[PDB]
Amino acid sequence: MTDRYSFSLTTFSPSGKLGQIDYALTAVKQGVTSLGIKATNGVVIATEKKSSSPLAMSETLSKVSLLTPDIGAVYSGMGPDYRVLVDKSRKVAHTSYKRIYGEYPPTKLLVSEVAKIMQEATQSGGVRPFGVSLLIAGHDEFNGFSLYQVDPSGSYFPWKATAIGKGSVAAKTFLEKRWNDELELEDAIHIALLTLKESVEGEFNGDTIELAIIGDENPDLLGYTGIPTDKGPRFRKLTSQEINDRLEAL
Amino acid sequence: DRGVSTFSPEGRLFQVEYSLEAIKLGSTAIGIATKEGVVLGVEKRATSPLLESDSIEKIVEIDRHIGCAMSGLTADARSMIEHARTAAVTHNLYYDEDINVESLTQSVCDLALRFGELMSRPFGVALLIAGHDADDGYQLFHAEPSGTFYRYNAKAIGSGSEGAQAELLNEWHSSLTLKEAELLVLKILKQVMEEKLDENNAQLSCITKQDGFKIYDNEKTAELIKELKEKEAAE
Amino acid sequence: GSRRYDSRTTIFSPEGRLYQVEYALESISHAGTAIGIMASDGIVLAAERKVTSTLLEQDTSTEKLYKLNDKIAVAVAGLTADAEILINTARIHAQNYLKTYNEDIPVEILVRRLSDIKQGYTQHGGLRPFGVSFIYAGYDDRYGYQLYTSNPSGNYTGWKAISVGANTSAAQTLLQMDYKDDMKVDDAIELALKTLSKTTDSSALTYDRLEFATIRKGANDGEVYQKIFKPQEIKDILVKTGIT
Amino acid sequence: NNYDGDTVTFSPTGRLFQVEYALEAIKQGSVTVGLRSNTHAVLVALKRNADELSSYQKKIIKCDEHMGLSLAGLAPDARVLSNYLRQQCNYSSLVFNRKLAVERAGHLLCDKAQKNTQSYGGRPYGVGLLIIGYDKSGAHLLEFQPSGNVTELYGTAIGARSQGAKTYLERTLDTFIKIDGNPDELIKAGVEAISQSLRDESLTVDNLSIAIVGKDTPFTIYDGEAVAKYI
Amino acid sequence: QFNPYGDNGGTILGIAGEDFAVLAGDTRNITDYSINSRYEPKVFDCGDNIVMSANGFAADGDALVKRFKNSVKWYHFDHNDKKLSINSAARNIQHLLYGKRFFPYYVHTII
Amino acid sequence: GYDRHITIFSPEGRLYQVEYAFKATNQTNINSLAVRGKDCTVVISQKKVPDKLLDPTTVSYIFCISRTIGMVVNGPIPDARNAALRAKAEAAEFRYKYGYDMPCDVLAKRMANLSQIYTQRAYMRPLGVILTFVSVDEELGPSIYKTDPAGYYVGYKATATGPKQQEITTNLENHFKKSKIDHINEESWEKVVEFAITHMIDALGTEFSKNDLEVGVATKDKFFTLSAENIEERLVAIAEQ
Amino acid sequence: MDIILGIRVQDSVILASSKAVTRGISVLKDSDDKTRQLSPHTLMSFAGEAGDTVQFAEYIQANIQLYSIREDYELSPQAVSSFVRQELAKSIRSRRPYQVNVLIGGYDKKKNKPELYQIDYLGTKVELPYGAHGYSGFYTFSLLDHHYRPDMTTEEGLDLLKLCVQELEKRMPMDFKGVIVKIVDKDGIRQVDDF
Amino acid sequence: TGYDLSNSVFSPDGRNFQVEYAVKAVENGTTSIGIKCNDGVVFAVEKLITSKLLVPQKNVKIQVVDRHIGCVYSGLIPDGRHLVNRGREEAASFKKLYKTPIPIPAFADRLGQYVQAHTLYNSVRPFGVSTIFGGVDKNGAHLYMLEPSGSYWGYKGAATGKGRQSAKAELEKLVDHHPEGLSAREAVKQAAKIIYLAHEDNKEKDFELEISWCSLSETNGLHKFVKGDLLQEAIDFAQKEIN
Amino acid sequence: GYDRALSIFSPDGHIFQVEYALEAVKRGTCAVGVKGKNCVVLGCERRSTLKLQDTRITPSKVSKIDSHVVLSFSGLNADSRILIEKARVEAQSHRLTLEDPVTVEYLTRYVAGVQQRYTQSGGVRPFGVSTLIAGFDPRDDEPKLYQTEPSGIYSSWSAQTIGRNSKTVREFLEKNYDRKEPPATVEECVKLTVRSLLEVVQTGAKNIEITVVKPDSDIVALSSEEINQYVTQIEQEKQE
């Protein structure tokens, strides 16, 4: 034993391509469509819960994940790679920030740390790149609301609205038509649902769609009362019922 | 591609066999052992006339009682010499005595097969190790990159070697004087060298019990070259 | 065992070139053009962002221009994630120097350390090189205003004016033509934008596809200020120099 | 063929070619014979020179007062394995005040060799060894192969043209096993066995190496003038 | 608190003549006011015509002698059965002793 | 062709070594099935002892991981036991560190993460097994969580694994399309086991003797496997109805 | 060792250091130079524990000489003093700390000013018009507090120094065998060889 | 293709070819067997007499682990020794921590996991042996057989090596014609016979028989070599049956 | 750690990675050293495809290792920085421990040793660099000039050149340099160095750098016009 793969498995080809990164992006292309939309008073992220078999309890598989009380993430590509990145992202939010500054990191900096992890898998010895693209939405005091995309290379970009995976090219076009700088969060949710319907084949309801928001502080989700300044998480996952409520006025 | 420590189907280590090829390209070195001393001589083989030939150092002192000449990739020899000097000095520190010529040679040869995936390849240089000790008298050894060393009454290594070795087969005998041995090294170097032998492109040395290892000046070797010209222009 | 899958990222070709460095340079030649121009009274850095979208948030975005410290900035051409690794290393080096000597790090010393890091990846370790070229713009009290570039080989050189990324041959020719030693910052700004306007692969040059920065003594009395331009300020300078 | 690039690879018939190639280096080595009675054990080895100016490569190595071996193949590998044996004999004396049983020495060599046949980066040893010794259960002869196989024998030979000596000893078994208390006769029989492997060359005074160990005889090596008596 | 040293008594005497040398020692071994043994030999033949005694703390004495005998054996292996001269043995023993400079063998050695 | 041999991406973004590990999963030619009761979780697996020289009591692909968690494996026995030993170590360590019993879904996630690592790190091969974990969780109740060589895992109302998994799966889907509930509405585990065996018989179109099956049962606070004689009693009650 | 003094005047820095080296009972030497030139315009004097003083000083000198060659530039006295301070601060939490106190006198060619830095073994740095280590300040500071002016000449600085050394020779119990005096200014470093 | 060049690589059918090649080395070895009896186990093996020069009785192949476990193997002999050395370390550490001597099923998994580990990486080679082992613990007698893949099961009787087919068939007969039990002493004799019968497929060379056993009544639950009279007796029983 | 043997023997006894390192030297800009009777001169070519270059700050091609020794090179520029740093550190280490600055030969032997070590260590490639190392031993007035190459061999030269078209300028020096009569002055030796470069250089513009090293740590770089004067004076003797 000992890991004796101490050399890069991703290397430049004669044309300057990094093969493994391109191939990782190809895996993301096959992935189920996910998207994010930024409003003036919130952000929405959504995706399809494509269940593998009807005997599977699809609520036990979380595609949208809380990273911090004010930051959430969704993905397209390889689910298992996503799951371990979420574990690492949650941990790095603590080890390299909260244990130092006594507060959760701002969105861009957590995105920066996730991106670094994904970059290292593209250069370190004996590993392949992560086969996922992430959309990370969040809020912080000095930057307000934001939405970021992170790719297999470790590159990240800020968006007003975007989509990744399967039907992203069509979905991005749909989003360019409808997005403006005066959207309220309910308008953005409504657009997210409309956009998502196009890439979804069969059943389209609260049990097949996973959708979360970064919005107002929820003191009812804090778990304790009596510290005025602690006002609760801005990340909230919409219930099956809440999604279906909005699918009628659709 | 293929491991550095791989055997061939004939039971030989590829890398060792290939390093032996590199040694055949090296400049010629010769040593002759007598009851009066061991002589060591080398072909300097300067690559251009602007190269100051006395900066070419292919004969080297290891201790007062041991010298050594090299042939092949001569840069590879430096760490072998460093180790040999360290082993000789260390032994004297631990035992208050001179170290046997064979023991020194054995210590150098232990380095040889320390390669793999330790250093990354065998040495590409062969050594003649000459010296005196009280138990076994005047001795000459041939240390190879395979880790084998042979004792020799006379030996030639480098590009002109089997020509020179055939010649040493003829000329060597147990009653050789030191002076005869010196002329013999010069004579055979002159035969196998490409350019014309002189005091600037060849170098002599010897090791005697009394005076230890000495490299000859160019003036002393010039004298021996003239003496060699006169003996041969006399039958 | 594992040897079989080793590409050997750190070997010479028979011509004496480093394959991976050459191929990294090929990668960089497809990146957005970055330009640096040095004047007597300051330095300009201008760079072209990669083929946009209308939904990309520009005012909070940073892909090309990075602050290393208060006196030194870099323009990036190549893989952004690779650049961020190196940028954070350079930022730390700058602070280590300041902590040790109580003086800001001279521009060249920072540039040499980053270049030495890049070099190491080409000689040992069996890892791929960083697919990044930098333009360094900075000031110190020894040499004043300075421009350097470094590339994946870890070689660095100083310049009066330089470009990296796409179309450097064309850009270098245009700068070679119009550059003059006595030139001032406000002219250098104009030169940089005009050069990008001509070399771009886009239909026209607009504010949303540019990052822009200056290092000026333009700060009340013997001291230096860095200015990373907001999108509105790039829009103004494009109008002012008559490109839109 | 596609399967001989390293020791960590079986062929489709289940062979280990690097090990077999290591075995091949032994076949090229100079012949050495081993045989024993109930009181003594003897090694005879034909030493090989490089040319007439050169010395004859030594083939026999002392491991302890009661044990030693002869080699055929890569001499530096013999030096490594014999050094390991010296240490193990030494450990047994210092820690347990006990002379290392020749059989244990064989088991330890087997295991040392085996590790180099199962991991990456290693190579098998390229030497064969004949180990004689006298311990608490009498005289012993062992044959070591770099595949790790160690075998206890009445007599044997290894190296180039060992087959001749090996058949001679097979014929003489019932005679030489009874040579008890007469060291000179046991050597004679060993010198006779090794003579069946000679072609062209014959046994001379700087050519022949003999070692013996037994009841009241520490392991000792005879070279030079000391073998004149037996040529 | 554990004391890793003790004192086993004993006296030794070495005298060098013109063409001979003697090394003598009493055979009593003691701790405090008790006798452990009336005959525990203390002077040893170490091979190569060398005799040795390491007196004081007996566990250290035995360890040293036993390391030196071992050193003679390895000298033979490594240097073609060359006889170890008394001066070379002396220098070698210095290195055995000084190797434990910061946790010494609590003995007075004579060869 | 070396993207085929180690876990790096092919030009279509695929991991072939993971795909071939899924194929090894059916080498044993065994089918298994898991279902949930009101109070219990049942797992059954075909048992095939083809050689007469074998001790059939030692032939098993069901493992008692902890007192509460059972695991059935579909795949070769060496990789199965590797996974079994690891899961036992993980569950025991969890209890020591956090002071309560490791939940079935948490163990499944942990083993799924370990599997993910083997798909990303080149020096480790994937294990050619599919692991189905069962328990009656103290918070979530009857639980089935299944892990595969891709590092994927999810909870199940019921599930099946093996060469004929599709027939068993569709059979189970059709029952739940009828009953319209998440589970077998049955009080005793005996009756849930009988349901499990019955629906395997129909879906496979084969009959079982007491030596052709392996049964594991999870209840509140213990998981256990049935003997041949307990299974016989199950088979007998099935025949008489 | 014992006494080291420094004083910064108008255009130079003057460092005075005692000559005695004492091994317990005997004075082994009466001509020891307790200083190292770190660069052409920077001088360091030192006092503290035997062995450690010279080892530390030569180690600092080696590092500054290395910097000078690498950059082809002379570090400012301020930068040299910060480097030295960091090394001593690093050492105080080591396995076995350098017990060494130093004065750094340099002429800054960029600012055209002399500069005197006092650094103790803990890494306590202070820039001063005049400074000392150990008990030297106890005898001399009241004279320096009285007579010192920032615009003194080099000769006036030396005279104020003679007055300091005379007070030390009167009231100190140890015989330190006089002092070696060195001046650091725009033209570099020179020794005053009559004091 | 090229799937068979490296250990731990799955082929497109889901196989590890290097392990299958390791089996070929096992199938090329001498025959070895194990028979489980009423209160114990018997182990036997065929030792080929390569030459008259082999000292008889002196190249022992059966190996003890701890004091209650016997192991025999076919294939590459040094690989077998390496595996037993590991087995001995595992038995020592178990007894160190838990006091009681290692149970046979526990011991089997220790070897199983170790052998399986040598199929996880390309930096090592699979074991070129099948190992038959077992003994007596506090729950009775146990016989196991372990393959190069790390796969193992408990057996009533077991066989490996060149004569494995012949021996299996012989073992199958004993199991059918003794459904209630076989005594340790019977099993020793039967073991001799089956080896003699299996020796047909290695007929060019003549051989030496070697037997060992652990029985609760005959050996007190300790592993012992069958020597002297009892060995000669079983040799005679075997010789009469091949005529 | 990454361990691959990259420098290995081929069947013909050649180490290709070391030989390919020499090909990198061949492609580098030309360097020449000539030693006079009381000086050594180091001349370097600068490739002229680059203007808009800022020569104030651009890495110069001759580097001081200590106050009395200099080093120039041909080959990979980034590789040469690693050797120069190591050599500078060793020079200060030698002063610290021996209480004497390095001899030119010692420093050469050190740099050559580093280069050799990188030809038989795992996970490293050889330096694509050859060096000329020049100066004066402390308290000695005899000039010194050594050469090193990627294999690690080194030697002393009366005059030598490395890099591209070094065959041509070696031809020149081989017939224009007399061992009996070394360039007796600074002026004389600088001229012979400039001539040898003009065989190959192109324009005599800021394409030629020259550095003179005299005894007792007296080292100075010539500037454009001072070199230009030598260029001027040389063509005016050519048309004839």
Side-chain angles (χ1 to χ4, degrees), chain A residues 1, chain D residues 7-8 16 18-19 22-23 26 61 63-64 67 69 71 73-74 77-92 95-96 98 100-131 133 135 140 142-153, chain H residues 22 25-26 29 45 58-66 69-93 110-111 114-115 117-118 123-131 133 146 148:
Chain A
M1 190 229 310
Chain D
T7 333
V8 96
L16 298 172
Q18 278 297 300
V19 174
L23 263 31
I26 295 164
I61 303 163
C63 287
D64 203 350
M67 194 189 302
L69 77 263
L71 65 100
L74 284 191
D77 287 3
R79 177 161 160 73
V80 165
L81 294 166
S82 65
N83 177 260
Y84 177 71
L85 250 182
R86 288 167 164 181
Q87 287 170 350
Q88 292 300 307
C89 292
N90 213 229
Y91 186 83
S92 188
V95 174
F96 296 103
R98 168 183 204 172
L100 184 66
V102 176
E103 212 192 58
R104 268 204 87 232
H107 296 319
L108 293 161
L109 280 172
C110 164
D111 298 343
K112 210 220 195 320
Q114 191 279 156
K115 291 180 183 182
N116 287 245
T117 76
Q118 180 151 215
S119 311
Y120 194 44
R123 62 167 183 79
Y125 292 92
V127 76
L129 305 165
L130 302 187
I131 299 141
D135 62 22
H140 304 273
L142 259 45
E143 186 191 306
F144 160 92
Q145 272 173 237
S147 59
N149 292 292
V150 181
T151 305
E152 185 153 1
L153 302 155
Chain H
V26 175
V45 64
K58 269 291 187 315
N59 296 284
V60 181
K61 275 197 193 180
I62 305 189
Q63 286 183 291
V64 68
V65 173
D66 194 285
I69 295 162
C71 307
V72 73
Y73 41 78
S74 311
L76 305 181
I77 299 323
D79 284 15
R81 278 196 51 84
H82 180 88
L83 186 56
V84 165
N85 291 154
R86 176 68 182 206
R88 288 162 172 175
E89 292 171 18
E90 297 271 20
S93 85
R110 294 296 181 90
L111 293 183
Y114 188 67
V115 170
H118 288 73
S123 62
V124 296
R125 152 174 83 69
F127 280 96
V129 288
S130 278
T131 304
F133 65 93
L146 169 61

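Every chain is numbered from 1, with letters handed out A, B, ... down the list of sequences. Note: hydrogens, waters and symmetry copies are ignored here, and every other heavy atom, side chains too, is used.
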* **Between CD1 on residue H/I69 and CZ on residue H/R88, distance to nearest 0.5 Å** => 11.0 Å
* Side chains of D/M67 and D/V102: does their closest heavy-atom pair fall under 4.5 Å? -> yes
* To do: May I ask you to decide if D/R79's main-chain N or O and D/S82's side chain share a donor-acceptor pair within less than 3.5 Å?
  => yes
* Minimum heavy-atom separation for D/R98 to D/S92, with atom names? -> O-OG, 2.6 Å
* Structure fact -> Value for CG (H/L146) from CG (H/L111), rounded to nearest 0.5 Å, stands at 6.0 Å
Side-chain donor/acceptor pairs under 3.5 Å, residues 105-112 of chain D, sequence neighbours excluded:
{"from": "D/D111", "atom 1": "OD1", "to": "H/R81", "atom 2": "NE", "distance (Å)": "3.0"}
{"from": "D/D111", "atom 1": "OD2", "to": "H/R81", "atom 2": "NH2", "distance (Å)": "3.0"}

* Asked: Would you say the side chain of D/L81 lies within less than 4.5 Å of the side chain of D/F144, judging by non-hydrogen atoms?
  -> yes
* To do: Would you check if the side chain of H/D79 reaches a backbone N or O of H/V129 as a donor-acceptor pair within less than 3.5 Å?
  => no
* Would you confirm whether D/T7, through its side chain, and D/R123, through its main-chain N or O, come within 3.5 Å as a donor-acceptor pair? => no
* Asked: Out of curiosity, H/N85 CG to H/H82 NE2, how far, rounded to the nearest 0.5 Å?
  -> 7.5 Å
* Structure fact -> Scanning both residues in full, the closest heavy-atom pair of D/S119 with D/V8 reads C-CG2, 4.1 Å
* Structure fact -> Hits for salt bridge (charged side-chain N to carboxylate O under 4.0 Å, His left out) against H/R86, two or more places apart or cross-chain, chain-then-number order -> H/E90
* Asked: Can you find a heavy atom in the side chain of H/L76 that is under 4.5 Å from one in the side chain of D/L16?
  -> yes
* With D/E152 via side chain to side chain donor-acceptor pair (under 3.5 Å) - residues at least two apart -> D/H140
* H/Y73 and H/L83, any side-chain heavy atoms less than 4.5 Å apart -> no
* To do: Sequence neighbours left out, what passes salt bridge (charged side-chain N to carboxylate O under 4.0 Å, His left out) with D/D135? Give chain and number order.
  => none
* Asked: Say you draw a straight line from CG of D/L69 to CG of D/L130; how long is it, rounded to the nearest 0.5 Å?
  -> 8.0 Å
* To do: Find the distance between OG (D/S147) and CD (D/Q18) and round it off to the nearest 0.5 Å.
  => 14.0 Å
* Shortest non-hydrogen contact from H/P148 toward H/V26 -> CG-CG2, 3.9 Å
* Asked: From D/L142 CG over to H/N59 CG, what is the distance, rounded to the nearest 0.5 angstrom?
  -> 8.0 Å
* For the residue pair H/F127 and H/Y114, does the interplanar ring angle fall in the parallel (under 30°), tilted (30 to 60°) or perpendicular (over 60°) class? -> tilted
* Closest heavy-atom pair and its distance - D/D77, D/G126 -> OD2-N, 2.7 Å
* To do: Please list, chain by chain and in numerical order, all residues satisfying side chain to side chain donor-acceptor pair (under 3.5 Å) with D/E143, sequence neighbours excluded.
  => D/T156
* Validation row: D/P146, D/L23 side chains within 4.5 angstrom (heavy atoms) -> yes
* **Non-neighbouring partners of D/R86 that pass salt bridge (charged side-chain N to carboxylate O under 4.0 Å, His left out), sequence neighbours left out** => none
* Would a 4.5 Å heavy-atom cut-off, applied to side chains only, mark H/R125 and D/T117 as touching? -> yes
